[PDB]
Amino acid sequence: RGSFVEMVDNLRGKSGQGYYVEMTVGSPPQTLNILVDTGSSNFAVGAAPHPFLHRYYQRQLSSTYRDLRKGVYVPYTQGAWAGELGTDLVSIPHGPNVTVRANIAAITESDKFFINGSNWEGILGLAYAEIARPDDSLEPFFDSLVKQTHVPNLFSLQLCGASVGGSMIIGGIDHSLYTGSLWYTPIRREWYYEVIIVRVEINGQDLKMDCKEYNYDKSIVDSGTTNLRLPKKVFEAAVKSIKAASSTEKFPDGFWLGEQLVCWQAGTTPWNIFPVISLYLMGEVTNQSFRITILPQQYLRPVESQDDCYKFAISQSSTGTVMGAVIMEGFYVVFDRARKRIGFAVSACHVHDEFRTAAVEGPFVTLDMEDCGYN
Ligand SMILES: CC(C)CNC(=O)[C@H](C)NC[C@H](Cc1ccccc1)NC(=O)c1cc(C(=O)N[C@H](C)c2ccc(F)cc2)cc(N(C)S(C)(=O)=O)c1
């Protein structure tokens with residue numbers, strides 16, 4: 001047992017519909033399951049009945065609730081909600097041993113946001129103030145945590161894929177959650193968790209595109225997004241290469257577009273016929289990079305008997321690269337805000353087989369990496 005042991009295994013997920021942590025709000029206590037989202041910056045909770053919600057926040061029952069008397073609307077790439085701003089006392093029972101007064105958006109209405117059977121009732125936006133709604137004056141939860149307490153300005157995520165689980169370690173790192181070394185990439189700018197991808201490989205074969213393409217118009221680490229999302233040009237090249245590498249079997253075009261599922265008899269999935277995928281990220285030293293490598297076990301996601309049905313979970317984007325659960329489920333990911341960097345190591349819980357494993361390797365030599373970023 002390490003010092004952060006009480007924060008280990010503090011995440012859950014139902015049928016692969018998002019990773020959530022328990023958060024306790026108000027006085028007396030109201031505990032709710034809250035989606036961990038590194039892709040946004042608002043802390044918001046269901047605050048009225050909804051067909052997909054088992055519980056919700058009841059502000060009338062919280063003595064410590066303070067109304068900010070201001071509405072808020074947050075649209076995501078998927079779904080949207082509207083609500084009312086306030087502040088209240090917040091603790092994470094399997095998180096840090098502190099209690100803070102944080103901004104909280106009470107969700108009163110929503111569209112395609114909550115997910116049937118997911119078992120979560122709110123969202124914890126862990127990114128920076130720049131992308132907070134209504135604006136950057138609304139202090140995000142982690143900012144309040146760091147300002148009000150002595151909790152170090154760092155958190156880390158281990159998302160364990162396939163009911164699923166994992167760990168959110170707040171204020172530090174737990175060594176039981178990874179193997180090998182942690183490799184760090186700079187946070188390019190503090191808004192989203194923006195990174196820079198400098199090279200892409202399918203089964204070790206370079207995709208051979210300008211690195212500007214991989215980061216057009218940004219690349220982000222986003223635990224709230226299921227897929228590995230890629231800019232259109234990059235997605236097209238990637239799929240063409242993955243098909244070529246997996247050519248012993250043929251699949252319909254709709255499979256590669258995520259519109260069609262393919263199922264195998266329970267336990268017989270031919271993982272071996274599908275390629276590994278590597279992303280190279282800018283390192284902490286000049287002209288130095290490293291690479292992270294995922295398996296089909298990460299990018300082919302299981303979907304709801306004696307058949308294992310899978311969705312191809314790499315998809316196209318018009319708003320830059322999104323390194324979502326498909327990436328994060330291979331790795332222990334350290335969000336080192338204090339040092340403006342993100343670390344990756346091989347996850348102790350990542351799904352693999354007897355022939356291949358997810359990997360984090362380096363260093364590599366990559367020139368002109370500062371040119372890869374969109375301006
Ligand atoms: C700055 C902000 C105003 C906006 N920020 C964003 O929209 C960023 C880019 N994404 C975070 C935003 C947060 C969110 C939306 C809706 C429900 C739950 C969470 N995510 C998406 O836009 C999004 C979600 C999802 C999603 O289904 N998420 C669930 C909860 C999930 C997460 C992790 C898992 F391992 C499994 C399931 C999917 C997408 N895609 C567009 S997709 C299909 O993965 O490519 C996009």
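Values below: all heavy atoms of this structure, side chains included; hydrogens, waters and symmetry mates excluded. FYI, the numbering just counts along the sequence from 1. Atoms within each ligand, like the ligands themselves, are counted from 1 in listed order.
Taking a 4.0 Å cut-off on heavy atoms, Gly16 registers as neighbouring ligand 1. Residue-ligand proximity: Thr319 is placed with every non-hydrogen atom at 4.0 Å or more from ligand 1. Residue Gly79 places no heavy atom under 4.0 Å from ligand 1. The closest approach between any non-hydrogen atom of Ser223 and ligand 1 is below 4.0 Å. Distances from ligand 1 to the non-hydrogen atoms of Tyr192 include at least one value under 4.0 Å.
Below 4.0 Å from some heavy atom of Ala325 lie the following atoms of ligand 1, by number and element: 34 (C), 35 (F). Listed by number with element, the atoms of ligand 1 under 4.0 angstrom from any heavy atom of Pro75 are 3 (C), 4 (C). The atoms of ligand 1 that sit less than 4.0 Å from any heavy atom of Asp222 are 8 (C), 9 (C), 10 (N), 11 (C). Near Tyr19, the atoms of ligand 1 lying under 4.0 angstrom from a non-hydrogen atom of the residue are 35 (F). Residue-ligand proximity, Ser315 to ligand 1, at heavy-atom distances under 4.0 Å covers atoms 45 (O). Contact atoms of ligand 1 toward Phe113: 16 (C), 17 (C), 18 (C) (distance under 4.0 Å to a heavy atom of the residue).
A donor-acceptor contact under 3.5 angstrom links the side chains of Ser176 and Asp174, judged on distance only. For the 3.5 Å distance criterion, the side chains of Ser91 and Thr99 qualify, holding a donor opposite an acceptor. No donor-acceptor contact under 3.5 angstrom links the side chains of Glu22 and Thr31, judged on distance only. If you check the side chains of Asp353 and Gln297, you find a donor sitting under 3.5 Å from an acceptor. A donor-acceptor contact closer than 3.5 angstrom links the side chains of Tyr19 and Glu329.
In this structure, atom 30 (C) of ligand 1 lies nearest to the protein heavy atom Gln17 O, 3.6 Å. For atom 16 (C) of ligand 1, the closest heavy atom belonging to the protein is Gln78 O, 3.0 Å. Scanning all protein heavy atoms for the shortest distance to atom 31 (C) of ligand 1 gives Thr226 OG1, 3.5 Å. Taking atom 2 (C) of ligand 1 as the reference point, the nearest protein heavy-atom neighbour is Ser40 CB, 3.9 Å. The protein non-hydrogen atom at the shortest distance from atom 32 (C) of ligand 1 is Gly224 O, 3.5 Å. In this structure, the protein non-hydrogen atom closest to atom 19 (C) of ligand 1 is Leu35 CD2, 3.3 Å. Closest to atom 6 (C) of ligand 1, if we only count protein heavy atoms, is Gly39 O, 3.6 Å.
Under 4.0 angstrom from ligand 1, there are no non-hydrogen atoms of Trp81. Within the 4.0 Å heavy-atom criterion, neither part of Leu159 lies near ligand 1.
Cation-pi geometry between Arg12 and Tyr20 is not satisfied (NZ or CZ under 6.0 Å from the ring centre, within 45° of the ring normal).
Residue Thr77 has at least one N or O atom closer than 3.5 Å to an N or O atom of ligand 1. Ligand 1 has no N or O atom lying under 3.5 Å from any N or O atom of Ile115, backbone or side chain. Ligand 1 has no N or O atom lying under 3.5 Å from any N or O atom of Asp37, backbone or side chain. Considering both main-chain and side-chain atoms, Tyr76 never comes within under 3.5 Å of ligand 1 through any nitrogen or oxygen pair.
Two rings, from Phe312 and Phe251, have their centers 6.0 Å or more apart. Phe290 has its ring centre no less than 6.0 Å from the ring centre of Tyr280. Proximity of the aromatic rings of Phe114 and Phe52 is defined here by a centroid distance below 6.0 angstrom, and this criterion is not met. Here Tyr178 and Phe344 keep their ring centres 6.0 angstrom or further from each other.
When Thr225, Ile314, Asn227 are checked for heavy-atom proximity to atom 23 (C) of ligand 1, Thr225 turns out nearest.
Across every non-hydrogen atom of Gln298 and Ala358, the tightest pair is OE1-CB, 4.5 Å.
By the neighbour-count criterion of 12 heavy atoms within 6.0 Å, atom CD of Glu259 is densely surrounded, having more than that number from other residues, nucleotides or ligands.
Pairs of residues two or more places apart, or lying in two chains, that qualify as disulfide bond (SG atoms under 2.5 Å apart) and include a residue from residues 185-300 are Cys211-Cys372, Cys263-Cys309.
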task: List the steps, then state whether side-chain hydrogen bond (donor to acceptor under 3.5 Å, both in side chains) holds for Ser318 with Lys232.
output: CA-CA 7 Å; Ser318 65; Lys232 186 165 184 175; over 6 Å; no
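By the side-chain contact (heavy atoms from CB on, under 4.5 Å) test, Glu354 pairs with no residue at all, sequence neighbours left out.
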